[PDB]
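All remarks here apply to the structure that follows.
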Amino acid sequence: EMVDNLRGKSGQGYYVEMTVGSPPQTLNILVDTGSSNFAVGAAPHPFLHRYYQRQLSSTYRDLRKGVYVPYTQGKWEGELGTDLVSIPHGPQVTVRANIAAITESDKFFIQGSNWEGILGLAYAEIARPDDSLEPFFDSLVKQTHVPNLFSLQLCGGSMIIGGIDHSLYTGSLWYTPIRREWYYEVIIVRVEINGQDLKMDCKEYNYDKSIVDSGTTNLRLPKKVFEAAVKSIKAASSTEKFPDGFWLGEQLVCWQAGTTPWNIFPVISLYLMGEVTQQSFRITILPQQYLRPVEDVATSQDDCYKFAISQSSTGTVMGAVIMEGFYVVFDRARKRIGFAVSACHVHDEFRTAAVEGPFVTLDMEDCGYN
Ligand SMILES: CCNc1cc(C(=O)N[C@@H](Cc2ccccc2)[C@H](O)CN[C@@H](C)C(=O)NC2CCCCC2)cc(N2CCCC2=O)c1
């Protein structure tokens with residue numbers, strides 16, 4: 001009953017239905033493994049179809065403390081409190097959780113996105129104002145008998161809370177360690193573009209951290225890695241030449257409907273640290289993932305795309321574009337993240353997204369930046 005409980009797209013996020021308060025107020029909440037605050041619109045906003053009304057909830061408790069949260073994209077401020085929370089298409093439980101009532105915001109809410117709030121699924125270490133503000137998932141686990149694990153199949157999609165749904169993936173689940181419990185931090189040991197190694201000291205891939213982040217759209221790479229990757233992707237696709245603006249995400253690329261030349265763009269393989277010394281596995285993604293479709297009836301004689309790999313000065317972010325088509329298990333209990341090919345893997349008649357291993361490195365270097 002938890003299958004297909006997500007709606008949305010990489011560009012504007014994936015969201016799950018929740019209720020807050022007593023009597024229950026229904027809100028759509030973006031699922032974000034890249035933050036740790038649970039927050040809902042709690043005042044009128046041009047892009048909000050609805051919002052949390054604390055005055056109507058008899059179970060609302062004000063903590064008399066304000067909070068401010070900046071993201072890569074957008075920021076908000078609100079008032080902290082607690083209230084009862086349920087998930088209609090998740091486990092049938094009711095938890096009292098911390099909730100930030102958003103009363104001011106800038107470039108956070110998205111026009112026509114259909115969500116009114118955000119569920120930060122990462123660890124307390126990155127919650128605001130500080131790590132004493134217990135995150136929702138921790139409250140869920142402490143107060144119910146729900147196992148300390150969840151999985152995401154982003155396609156719509158599914159969030160399976162408390163376990164793994166085997167009908168959502170094929171083949172093997174490969175696990176990479178959670179290096180530190182704050183973000184879901186992982187380690188990338190190798191990057192290939194069409195099978196060709198970028199030939200970088202592997203610490204560069206994780207400067208200064210690498211995270212798995214359902215709340216970010218793009219694959220975001222450290223500048224040095226980004227430049228190397230774009231150079232290689234340009235070379236692989238050189239049968240066609242695009243404006244610099246495209247590679248910077250400042251411009252769409254369009255082809256006549258149905259003629260997108262997928263085959264001129266390379267596959268990208270990210271090798272993740274395994275659970276055993278010097279072993280790794282790889283996930284391979286196709287251009288169908290990193291060229292993000294931009295829907296617009298005005299342009300619809302064409303199919304148009306944005307380049308969904310971009311630069312970062314705060315480390316690698318494996319965003320929704322990377323997670324799409326994979327079944328990703330956030331196994332908090334065992335401090336590891338699992339990857340498998342999803343029931344909604346994309347692929348065409350020549351190539352397929354994949355998760356495969358084991359691979360061995362002869363290099364003993366630790367790829368962690370710190
Ligand atoms: C889905 C919307 N698209 C979209 C969203 C973000 C973004 O900032 N998402 C946040 C959630 C969100 C979701 C929807 C709307 C706003 C924010 C995540 O929480 C980001 N996670 C890490 C990187 C972070 O900054 N965490 C903070 C650390 C400090 C304490 C609080 C958590 C970034 C891009 N970007 C920016 C450049 C390339 C890209 O894809 C596109």
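Residues in the structure tokens are named by chain (A, B, ... in the order shown) and by number from 1 within that chain; ligands are numbered from 1 in the order shown.
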- Tell me which protein, DNA and RNA residues are within 12 Å of residue 164 in chain A, counting only C-alpha atoms, leaving out same-chain ones fewer than 2 positions away, and put them as a list in words.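 After dropping sequence-adjacent residues, the list is residues 2, 3, 147, 148, 149, 150, 151, 152, 153, 158, 159, 160, 161, 162, 166, 167, 168, 169, 173, 327, 328, 329, 330, 331, 338, 339 and 340 of chain A.
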Selected residues written out with N, CA, C and O atoms, as an mmCIF file, in the first residue's frame:
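Okay, selection.cif is ready:
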data_model
loop_
_atom_site.group_PDB
_atom_site.id
_atom_site.type_symbol
_atom_site.label_atom_id
_atom_site.label_comp_id
_atom_site.auth_asym_id
_atom_site.auth_seq_id
_atom_site.Cartn_x
_atom_site.Cartn_y
_atom_site.Cartn_z
ATOM 1 N N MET A 2 2.178 1.077 0.035
ATOM 2 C CA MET A 2 3.108 2.201 -0.009
ATOM 3 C C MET A 2 3.674 2.414 -1.409
ATOM 4 O O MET A 2 4.317 3.431 -1.680
ATOM 5 N N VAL A 3 3.436 1.455 -2.297
ATOM 6 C CA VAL A 3 3.858 1.599 -3.685
ATOM 7 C C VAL A 3 3.127 2.751 -4.363
ATOM 8 O O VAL A 3 1.912 2.906 -4.213
ATOM 9 N N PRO A 147 10.978 -0.246 11.581
ATOM 10 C CA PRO A 147 12.417 -0.500 11.444
ATOM 11 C C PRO A 147 13.152 0.735 10.936
ATOM 12 O O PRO A 147 12.601 1.519 10.168
ATOM 13 N N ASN A 148 14.398 0.891 11.367
ATOM 14 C CA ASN A 148 15.162 2.099 11.094
ATOM 15 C C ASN A 148 15.753 2.074 9.688
ATOM 16 O O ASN A 148 16.969 1.982 9.520
ATOM 17 N N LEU A 149 14.884 2.161 8.688
ATOM 18 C CA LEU A 149 15.298 2.086 7.292
ATOM 19 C C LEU A 149 14.174 2.601 6.401
ATOM 20 O O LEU A 149 12.995 2.432 6.711
ATOM 21 N N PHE A 150 14.537 3.242 5.296
ATOM 22 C CA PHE A 150 13.567 3.549 4.260
ATOM 23 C C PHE A 150 14.226 3.453 2.896
ATOM 24 O O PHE A 150 15.449 3.491 2.778
ATOM 25 N N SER A 151 13.412 3.298 1.865
ATOM 26 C CA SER A 151 13.943 3.208 0.521
ATOM 27 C C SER A 151 13.155 4.110 -0.416
ATOM 28 O O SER A 151 11.964 4.372 -0.204
ATOM 29 N N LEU A 152 13.835 4.606 -1.442
ATOM 30 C CA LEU A 152 13.211 5.499 -2.402
ATOM 31 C C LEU A 152 13.358 4.950 -3.810
ATOM 32 O O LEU A 152 14.460 4.621 -4.247
ATOM 33 N N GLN A 153 12.235 4.846 -4.507
ATOM 34 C CA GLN A 153 12.235 4.524 -5.925
ATOM 35 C C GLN A 153 11.663 5.728 -6.656
ATOM 36 O O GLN A 153 10.449 5.887 -6.732
ATOM 37 N N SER A 158 7.948 5.584 -5.311
ATOM 38 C CA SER A 158 7.560 5.014 -4.029
ATOM 39 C C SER A 158 8.560 5.348 -2.934
ATOM 40 O O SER A 158 9.775 5.330 -3.150
ATOM 41 N N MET A 159 8.041 5.645 -1.751
ATOM 42 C CA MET A 159 8.864 5.644 -0.554
ATOM 43 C C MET A 159 8.377 4.524 0.350
ATOM 44 O O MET A 159 7.273 4.592 0.890
ATOM 45 N N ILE A 160 9.198 3.494 0.497
ATOM 46 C CA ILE A 160 8.875 2.376 1.370
ATOM 47 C C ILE A 160 9.491 2.642 2.736
ATOM 48 O O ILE A 160 10.709 2.618 2.890
ATOM 49 N N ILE A 161 8.645 2.904 3.723
ATOM 50 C CA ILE A 161 9.118 3.221 5.059
ATOM 51 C C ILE A 161 9.185 1.962 5.912
ATOM 52 O O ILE A 161 8.193 1.238 6.045
ATOM 53 N N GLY A 162 10.358 1.704 6.478
ATOM 54 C CA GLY A 162 10.513 0.584 7.386
ATOM 55 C C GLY A 162 10.967 -0.698 6.718
ATOM 56 O O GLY A 162 11.076 -1.735 7.376
ATOM 57 N N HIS A 166 10.709 -5.777 -2.741
ATOM 58 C CA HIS A 166 11.469 -6.471 -3.772
ATOM 59 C C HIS A 166 10.828 -6.391 -5.151
ATOM 60 O O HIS A 166 11.477 -6.675 -6.155
ATOM 61 N N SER A 167 9.561 -5.998 -5.214
ATOM 62 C CA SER A 167 8.909 -5.838 -6.506
ATOM 63 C C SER A 167 9.298 -4.511 -7.157
ATOM 64 O O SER A 167 8.871 -4.206 -8.268
ATOM 65 N N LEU A 168 10.118 -3.727 -6.459
ATOM 66 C CA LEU A 168 10.524 -2.415 -6.952
ATOM 67 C C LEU A 168 11.907 -2.410 -7.603
ATOM 68 O O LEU A 168 12.333 -1.396 -8.161
ATOM 69 N N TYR A 169 12.615 -3.532 -7.529
ATOM 70 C CA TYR A 169 13.922 -3.618 -8.175
ATOM 71 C C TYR A 169 14.212 -4.996 -8.752
ATOM 72 O O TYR A 169 13.538 -5.972 -8.426
ATOM 73 N N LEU A 173 21.243 -5.921 -4.863
ATOM 74 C CA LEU A 173 21.464 -4.690 -4.108
ATOM 75 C C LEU A 173 22.927 -4.580 -3.698
ATOM 76 O O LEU A 173 23.456 -5.466 -3.023
ATOM 77 N N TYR A 327 16.706 1.887 -7.356
ATOM 78 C CA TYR A 327 16.054 1.698 -6.079
ATOM 79 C C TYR A 327 17.122 1.940 -5.027
ATOM 80 O O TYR A 327 18.136 1.249 -4.999
ATOM 81 N N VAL A 328 16.907 2.942 -4.181
ATOM 82 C CA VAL A 328 17.935 3.359 -3.245
ATOM 83 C C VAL A 328 17.489 3.114 -1.810
ATOM 84 O O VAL A 328 16.497 3.673 -1.349
ATOM 85 N N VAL A 329 18.231 2.264 -1.110
ATOM 86 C CA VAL A 329 17.873 1.878 0.244
ATOM 87 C C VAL A 329 18.730 2.629 1.251
ATOM 88 O O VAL A 329 19.949 2.484 1.280
ATOM 89 N N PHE A 330 18.078 3.443 2.072
ATOM 90 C CA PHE A 330 18.769 4.177 3.118
ATOM 91 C C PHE A 330 18.704 3.335 4.386
ATOM 92 O O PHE A 330 17.780 3.458 5.195
ATOM 93 N N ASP A 331 19.693 2.459 4.533
ATOM 94 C CA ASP A 331 19.717 1.484 5.619
ATOM 95 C C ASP A 331 20.419 2.120 6.815
ATOM 96 O O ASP A 331 21.596 1.879 7.070
ATOM 97 N N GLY A 338 22.058 1.277 -0.098
ATOM 98 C CA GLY A 338 22.020 0.242 -1.114
ATOM 99 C C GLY A 338 21.476 0.743 -2.439
ATOM 100 O O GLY A 338 20.555 1.562 -2.473
ATOM 101 N N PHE A 339 22.048 0.251 -3.534
ATOM 102 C CA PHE A 339 21.594 0.611 -4.872
ATOM 103 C C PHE A 339 21.253 -0.630 -5.680
ATOM 104 O O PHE A 339 22.011 -1.597 -5.678
ATOM 105 N N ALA A 340 20.121 -0.581 -6.373
ATOM 106 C CA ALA A 340 19.739 -1.623 -7.320
ATOM 107 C C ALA A 340 19.032 -0.989 -8.515
ATOM 108 O O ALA A 340 18.515 0.132 -8.427
#
- Message: Around ligand 1, which protein and nucleic acid residues have at least one atom no more than 7 Å from it, if we count only C-alpha atoms and all ligand atoms? List them as a VMD selection string.
- Response: chain A and resid 10 to 13 30 32 34 to 36 69 to 74 108 to 110 126 to 128 213 215 to 220 308 310 317 319
- Quick one: pull the distance between CA of residue 187 in chain A and CA of residue 137 in chain A, Å, one decimal.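 Straight-line distance from CA of residue 187 in chain A to CA of residue 137 in chain A works out to 23.5 Å.
For the pair CA of residue 349 in chain A and CA of residue 261 in chain A, the interatomic distance is 13.3 Å.
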- Query: Which is closer to residue 303 in chain A than all the others in A:353, A:270, A:282, A:252, using only C-alpha atoms?
  - Reply: A:252
- What are the DSSP strand (DSSP E or B) residues of range 146-295 of chain A, as a ChimeraX atom specification? /A:150-154,157-161,169-177,181,184-186,188-193,196-197,210-212,219-222,253-256,268-273,279-285,291-293
- Give the answer as one residue: which of A:247, A:174, A:205, A:184 has the shortest atom-to-atom distance to residue 306 in chain A, using only C-alpha atoms? A:247
- Could you give me, as an MDAnalysis selection string, each residue of range 149-217 of chain A that DSSP assigns to helix (DSSP H, G or I) when run on this structure's backbone? chainID A and resid 166:168 202:206
- Message: Which residue is closest to residue 214 in chain A? Choose from A:134, A:185, A:201, A:324 and count only C-alpha atoms.
- Response: A:324
- Hey, can you check how far CA of residue 273 in chain A sits from CA of residue 177 in chain A? 7.2 Å
Excluding residue 265 in chain A and residues on its chain fewer than 5 positions from it, collect all residues at most 8 Å away from it, counting only C-alpha atoms, and give them as a CSV table (one decimal) with N, CA and C atoms, in the first residue's frame.
chain,number,residue,atom,x,y,z
A,233,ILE,N,32.6,14.6,-21.9
A,233,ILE,CA,31.2,14.4,-22.5
A,233,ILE,C,31.2,15.2,-23.9
A,236,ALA,N,33.0,13.0,-26.5
A,236,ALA,CA,32.2,11.9,-26.8
A,236,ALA,C,31.0,12.3,-27.8
A,237,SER,N,30.5,13.5,-27.6
A,237,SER,CA,29.3,14.0,-28.4
A,237,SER,C,29.7,14.9,-29.5
A,287,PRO,N,22.3,9.2,-20.9
A,287,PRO,CA,21.9,10.6,-21.1
A,287,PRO,C,20.4,10.9,-20.8
- Query: Pick from A:86, A:301, A:289, A:55: nearest to residue 43 in chain A, with only C-alpha atoms counted?
  - Reply: A:55
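Distances here use only C-alpha atoms; by that measure, the residue among A:119, A:286, A:253, A:272 closest to residue 307 in chain A is A:253.
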- Query: For residue 292 in chain A, which residue out of A:255, A:9, A:179, A:157 is the nearest one, using only C-alpha atoms?
  - Reply: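 Closest to residue 292 in chain A, using only C-alpha atoms: A:9.
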For residue 304 in chain A, please output as an mmCIF file with C-alpha atoms, in the first residue's frame all residues within 12 Å (counting only C-alpha atoms; exclusion window: fewer than 2 positions along the same chain).
data_model
loop_
_atom_site.group_PDB
_atom_site.id
_atom_site.type_symbol
_atom_site.label_atom_id
_atom_site.label_comp_id
_atom_site.auth_asym_id
_atom_site.auth_seq_id
_atom_site.Cartn_x
_atom_site.Cartn_y
_atom_site.Cartn_z
ATOM 1 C CA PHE A 246 24.068 24.600 -22.642
ATOM 2 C CA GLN A 251 20.338 27.234 -22.109
ATOM 3 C CA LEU A 252 18.072 24.457 -23.387
ATOM 4 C CA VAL A 253 19.017 22.154 -26.237
ATOM 5 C CA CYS A 254 16.169 21.109 -28.521
ATOM 6 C CA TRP A 255 15.570 18.604 -31.300
ATOM 7 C CA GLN A 256 12.526 17.971 -33.470
ATOM 8 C CA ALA A 257 10.127 15.800 -31.483
ATOM 9 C CA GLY A 258 11.204 12.171 -31.357
ATOM 10 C CA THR A 259 14.668 12.699 -32.851
ATOM 11 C CA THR A 260 16.839 13.214 -29.750
ATOM 12 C CA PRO A 261 20.250 11.694 -30.671
ATOM 13 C CA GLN A 288 18.174 10.040 -20.575
ATOM 14 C CA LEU A 291 19.660 15.479 -19.961
ATOM 15 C CA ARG A 292 16.558 16.616 -18.097
ATOM 16 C CA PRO A 293 13.362 17.135 -20.139
ATOM 17 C CA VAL A 294 11.838 20.589 -19.788
ATOM 18 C CA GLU A 295 8.099 20.438 -20.458
ATOM 19 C CA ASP A 296 6.698 23.489 -22.207
ATOM 20 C CA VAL A 297 3.774 23.450 -24.628
ATOM 21 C CA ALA A 298 5.250 26.504 -26.355
ATOM 22 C CA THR A 299 8.323 24.507 -27.404
ATOM 23 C CA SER A 300 6.477 21.254 -28.004
ATOM 24 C CA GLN A 301 7.224 20.910 -31.709
ATOM 25 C CA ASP A 302 10.603 19.957 -30.227
ATOM 26 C CA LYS A 306 18.616 21.035 -19.727
ATOM 27 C CA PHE A 307 22.056 19.626 -18.940
#
